[PDB]
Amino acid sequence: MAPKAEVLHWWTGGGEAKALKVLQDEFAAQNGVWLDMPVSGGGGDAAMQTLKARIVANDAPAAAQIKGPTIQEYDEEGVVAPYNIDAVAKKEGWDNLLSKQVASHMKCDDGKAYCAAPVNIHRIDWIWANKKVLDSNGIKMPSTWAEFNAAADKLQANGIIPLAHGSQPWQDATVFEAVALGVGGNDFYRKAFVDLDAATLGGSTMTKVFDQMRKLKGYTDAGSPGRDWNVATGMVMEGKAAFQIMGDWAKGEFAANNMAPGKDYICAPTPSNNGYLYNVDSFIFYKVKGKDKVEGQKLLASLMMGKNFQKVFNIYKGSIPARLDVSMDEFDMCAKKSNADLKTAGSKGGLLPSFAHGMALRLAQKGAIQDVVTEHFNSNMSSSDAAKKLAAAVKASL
């Protein structure tokens, strides 16, 4: 009788779990039976592999955390229809509650039916800094990479780890994409990671992106290989390191440890020309056996798109609402800056999808790029060799 749903996600511990708790509590308040299927692994690559295996085994969960064109790629597998939550989306008028771009991402049947619910917009192009460390070292928050490298050299010379970073493929790629946006610009990022333009992927602007990647390598510590993103954030909160380049799920950790922007830590975008790299956490609802699981799915979709839910969920998560009509008044200064910058970058053509977090590219392309980025980062590869390999690896993945 009760609505039921197995939910596959990678929100394991910390600020991620705290925010997810908001959803779990609302689902149980409507007598929903939550069947937890967590797959631990920053950024979701591991969940994506376990998710693919579940669907190949004809064991699809009722709901899965998923990104962008992976939604449409599963739809093309034929495993999502019928679109029982589009009935929810039409009655509630989702096309009037979401940007046209986010609405596109959520839709199946060649854009005809909603099949996924969005809960948020994360931003990738952020730098987090320990305020006491920067004040202690007479360092202004940098606004260019030249200013960042100079601040990093000064901190390094004072015995301080400048950049807390975990070297895992997706995590290298997260920094890489923020760097690319600033070194090359909005049109460059679009051409490379949205168009997959070969001349751009292997060109001299991409060489300069790998140039800066090589500099950032020198600013990380010996414990970086395989370190979890949230450990890196932890070292910034404890003042073991000065900076972290990471999306604003890092803010979920700062909040969960009772630190405030301005007073305890500084948040500033990575350099860009009115750029913004967006990331929408969303849940797809698969074809499933059982009327209780269909009602579970429609109940999750509705809850996930609620006005008050997206206010409370996102205060904990670190992101901003996907819903357009949610009051930002209660959010902190970093989230209000995110929402402001999103509006500005949208009007300037700088509002671009993160590829490291699944909005720009299907998983085959995302993986090809990550693999080249992490090999450059963890070796002594030249920048030009990396750009050649990047363009070849994208081309071969097509």
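Residue indices: 1-based, along the sequence shown.
Would 53 to 61 or 348 to 356 have the larger average of its C-alpha temperature factors, as given in the entry? Going by the record's values, the stretch with the higher mean is 53 to 61.
Mean Cα B-factor comparison, 262 to 270 or 283 to 291, giving the higher one as deposited: According to the entry, 283 to 291 carries the higher average C-alpha B-factor.
Based on the PDB record, which member of 320, 173, 160, 303 exhibits the highest Cα temperature factor? Within the set 320, 173, 160, 303, 303 shows the top C-alpha B-factor.
Highest Cα B-factor in the deposition, which of 340, 361, 35, 368? Largest recorded C-alpha B-factor: 35.
Which third, lowest, middle or highest, does the C-alpha temperature factor of residue 16 belong to within its own chain? It falls in the middle third of the chain.
Sorting by Cα B-factor within the chain, modelled residues only, which third would residue 83 end up in: lowest, middle or highest? Top third by C-alpha B-factor.
Lowest, middle or highest third: where is residue 96 by C-alpha B factor in its chain? It belongs to the highest third of the chain when residues are ordered by C-alpha B-factor.
By its CA B factor, does residue 334 count among the lowest, middle or highest third of the modelled residues in the chain? Middle third.
Splitting the chain's C-alpha B-factors into thirds, which one does residue 24 fall into? Tercile = highest for this residue's CA B-factor.
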